[PDB]
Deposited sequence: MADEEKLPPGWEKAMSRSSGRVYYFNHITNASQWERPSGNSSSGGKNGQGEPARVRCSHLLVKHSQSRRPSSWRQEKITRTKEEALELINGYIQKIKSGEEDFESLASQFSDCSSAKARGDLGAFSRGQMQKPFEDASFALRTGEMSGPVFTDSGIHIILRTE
């Protein structure tokens, strides 16, 4: 039927069909378009109190809850999808990862290098596609596949 991870769903507000990816947590109205040894991605990380290291260049002691971090992630996704903000600009300003200084870019990587939920989402994304919230032990991520 559909590319890997994608399933059809029903909107509760509008009653129209949409599409959801259970590997990337991406969702969209239109039927998705459609594996390499390597992909290239950028990300925006929002850390919280249960993160492996509750610290970042933005905050010596990160105290926000997991629920608060998810709300921030959802808000960044909204601004990116509406075009009020670009992914790289939000990543440079607000990602709790050191890669913020490189507009979130992590470079190219293979399977077996990143944390598993991050890796699975990255390889399920198409070039140019962005994930929904992805949970790892670092925190909550938005991932943009660039190559």
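Trainee: If you line up the deposited sequence with the model, which stretches have no C-alpha coordinates?
Mentor: Unmodelled stretches, in sequence order: 1 to 5, 40 to 50.
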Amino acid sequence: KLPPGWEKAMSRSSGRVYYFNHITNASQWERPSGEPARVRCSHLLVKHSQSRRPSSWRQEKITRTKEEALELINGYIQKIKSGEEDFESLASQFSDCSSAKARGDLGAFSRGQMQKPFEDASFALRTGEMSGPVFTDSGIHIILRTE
From here on, numbers count along this sequence of modelled residues.
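Trainee: Do the CA atoms of 74 to 82 or those of 118 to 126 have the higher mean B-factor in the entry?
Mentor: Higher of the two, by average CA B-factor, is 118 to 126.
Trainee: When the Cα temperature factors in the entry are averaged, is it 89 to 97 or 109 to 117 that ends up higher?
Mentor: Stretch with the greater average CA B-factor: 109 to 117.
Trainee: Lowest, middle or highest third: which one holds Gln50 when the chain's residues are ordered by CA B-factor from the entry?
Mentor: Answer is highest: the recorded C-alpha B-factor places it there.
Trainee: Sorting the chain's CA B-factors, does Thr24 end up in the lowest, middle or highest third?
Mentor: CA B-factor rank for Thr24: lowest third.
Trainee: In terms of the chain's CA B-factor thirds, is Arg40 lowest, middle or highest?
Mentor: For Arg40, whose C-alpha B-factor we compare with every modelled residue in the chain, the answer is the middle third.
Trainee: Within this chain, which third does the Cα B-factor at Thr136 fall in: lowest, middle or highest?
Mentor: According to the entry, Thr136 has a C-alpha B-factor in the chain's middle third.
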